[PDB]
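Asker: The following block contains the structure, expressed as C-alpha cells.
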Amino acid sequence: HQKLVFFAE
Amino acid sequence: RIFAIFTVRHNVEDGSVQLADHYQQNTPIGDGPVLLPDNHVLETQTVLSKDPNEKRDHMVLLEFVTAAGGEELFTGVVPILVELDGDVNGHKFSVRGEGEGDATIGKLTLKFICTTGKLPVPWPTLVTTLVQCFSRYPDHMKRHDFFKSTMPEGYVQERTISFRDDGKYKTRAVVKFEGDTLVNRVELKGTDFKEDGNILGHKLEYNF
C-alpha cells in the first residue's frame, strides 16, 4: 500500500 | 514532463523503519502529442514472494495499480521484459524480468532474477525502480494517463532514491514498446552507501 502524487511541468 | 515525489518505508530487522525519499520525473521520447494530466494519485498495493523452485536469487511480484483523485496497445495482456544494469558502490549486477501486464485491471505479475549471482542490495529497495504505463485509469480520468499517451514511442523515467542516513540510487529508464512487448531498460547507480548500513548490510525485512 502506497499512494503517489503525479505533478505536471 | 511530469513529476512525483514520494517516500517508501522499508521495515528493518531491529523493528525500526528505513525511509526512501523518491524524486521521479517522466519525459516522452517521441516528438508527438501527449496529455498534460492534472494532479492525481496512483494507489499501489504490491506483494513480493518467492518461487520455491527457483535456486537463483529472485523476487516474484504481484501488483495492482490504480489511479484516483494511443492507448489501444493496452486493451489486453501485454508482455513485459525488464532489464536493469546497476552498480552500487562499485558492485556490478544485473536483474532480468519477465511477466505480463494487464492494464484493464491495473495488475502486474513479474518475476525478477539476479543474472550475476547474489543481488548486492535488498530486493525491496529495487521494487519502485524495476512500468507505470500499466496502471488502471478510470474513465472520467482516462485523459490523465500520460504514460499510455506516450506509447509506443515510450518515455524516459529518471528517479533519484535517497535512503535517509545512507546512500542514494540514481536510475535512468527507457520504457517503450519493442515489437509488441513492453520493455523497461534501466540503469541504476548507487553511491555513498554505508558498506554495512541497512542496504549493503542486508538488514531490511523482506516484504513491502
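Asker: Give me, ordered by chain and number, the residues 5 or more places off B:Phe208 or on other chains with an amide H under 5 Å from its own placed amide H.
Answerer: HN-HN under 5 Å from B:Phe208: B:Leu48.
Asker: Which value in nm describes the separation of the simple spin-label points at B:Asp139 and B:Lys194, placed 7 Å from the Cα toward the beta carbon?
Answerer: 5.2 nm
Asker: Same structure again: So how far apart, in nm, are the two label points at B:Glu153 and B:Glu54 if each is 7 Å from Cα heading toward Cβ?
Answerer: 3.5 nm
Asker: For a quick check: with amide H placed at 1.01 Å from N, whose amide H comes under 5 Å from B:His10's, ignoring anything fewer than 5 positions away on the same chain?
Answerer: Residues meeting the criterion, in which the H sits 1.01 Å from N, are B:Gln18, B:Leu19, B:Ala20.
Asker: A further question follows. Can you say what percent of the DSSP beta bridges in the protein assembly as shown, counting only those with both residues inside, are antiparallel? Round to 5. Walk me through the numbers on the way to the answer.
Answerer: Details: 80 of 90 bridges.
Once the DSSP bridges in the protein assembly as shown are tallied, antiparallel ones form about 90 percent.
Asker: Let me ask something additional. Can you compute 3J(HN,Hα) from phi for each residue in region B:173-185, using the Karplus curve 6.51 cos²θ - 1.76 cosθ + 1.60 with θ = phi - 60°, rounded to whole Hz and x for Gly and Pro?
Answerer: The phi angles translate into 9, 10, 10, 8, 8, 9, x, 6, 9, 7, 10, 10, 9 Hz.
Asker: Here's something else I'd like to know. Among the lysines, select those whose C-alpha is under 19 Å from the C-alpha of B:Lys92, and discard any that sit fewer than 8 residues away in the same chain.
Answerer: Of all the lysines, those that pass the test against B:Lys92 - Cα under 19 Å, at least 8 places apart if same chain - are B:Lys118, B:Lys168, B:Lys170, B:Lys189, B:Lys194.
Asker: Can you tell me the Rg and Dmax of region B:152-201, counting just the alpha carbons, in angstroms?
Answerer: 14.5, 43
Asker: While we're looking at this one, here's another question. For B:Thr7 and B:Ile29, compute 0.36 nm times the residue count separating them, minus their Cα-Cα distance, and round to one decimal in nm. Kindly include the intermediate steps, with their values, before the conclusion.
Answerer: Details: separation 22, 0.36 × 22 = 7.92 nm, distance 2.66 nm.
That pair, B:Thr7 and B:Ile29, stretches by 5.3 nm at full extension.
Asker: Quick check: net charge around B:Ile80, other residues with Cβ under 14 Å of its Cβ, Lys/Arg +1 and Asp/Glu -1? Kindly include the intermediate steps, with their values, before the conclusion.
Answerer: On the way: positive: B:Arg96, B:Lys107, B:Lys111, B:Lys176, B:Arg185; negative: B:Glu63, B:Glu83, B:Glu98, B:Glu100, B:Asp102, B:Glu178, B:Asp180.
Around B:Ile80, the charge tally is -2.
Asker: Let me ask another. How big is the Kirkwood radius of region B:89-142, worked out from every pair of different alpha carbons and given in Å to one decimal?
Answerer: Details: mean 1/r = 0.0758 Å⁻¹.
That comes to 13.2 Å for region B:89-142.
Asker: I need B:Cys133, B:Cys114 ordered by Cβ neighbour count within 10 Å, fewest first. Write out the running numbers ahead of the final one.
Answerer: Numbers: B:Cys133 27, B:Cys114 19.
The fewest-first ordering by Cβ neighbours comes to B:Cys114, B:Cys133.
Asker: Which FRET efficiency value, to the nearest 0.05, is calculated for B:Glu83 and B:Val47 with the Förster distance at 22 angstrom and r the Cβ-Cβ distance?
Answerer: Details: r = 23 Å, r/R0 = 1.03.
It comes out at approximately 0.45.
Asker: Given a Förster radius of 25 Å and the C-beta distance between B:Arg164 and B:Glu71 as r, what FRET efficiency does 1/(1 + (r/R0)^6) yield to the nearest 0.05? Walk me through the intermediate numbers first.
Answerer: Values: r = 38 Å, r/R0 = 1.51.
The calculated FRET efficiency here is 0.10.
Asker: Pull out a ≥ b ≥ c, the square roots of the eigenvalues of the alpha-carbon gyration tensor of the protein assembly as shown, then state rounded if a/c is under 1.5, prolate if not and a/b is larger than b/c, and oblate in the remaining case. Let's see the in-between values first.
Answerer: Working: a/c = 1.68, a/b = 1.48, b/c = 1.14.
Since a/c reaches 1.5 and a/b is larger than b/c, the shape of the protein assembly as shown is classed as prolate.
Asker: Given the C-alpha atoms of chain B, compute the convex hull and give its volume per residue in Å³. Spell out each step's value before the answer.
Answerer: Numbers: hull volume 25.2 nm³, N = 208.
Taking only Cα atoms, chain B has a hull volume of 121 Å³ per residue.
Asker: Using each residue's phi in region B:99-113, evaluate 6.51 cos²θ - 1.76 cosθ + 1.60 at θ = phi - 60° and report the 3J(HN,Hα) Karplus result to the nearest Hz, with x for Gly and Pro.
Answerer: x, 10, x, 10, 6, 5, 10, x, 9, 10, 10, 9, 10, 10, 9
Only the coordinates and a few stated rules stand behind these numbers; no lab work does. Positions of Cβ are backbone-derived with ideal geometry, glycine not excepted, and every protein chain shown enters the neighbour counts.
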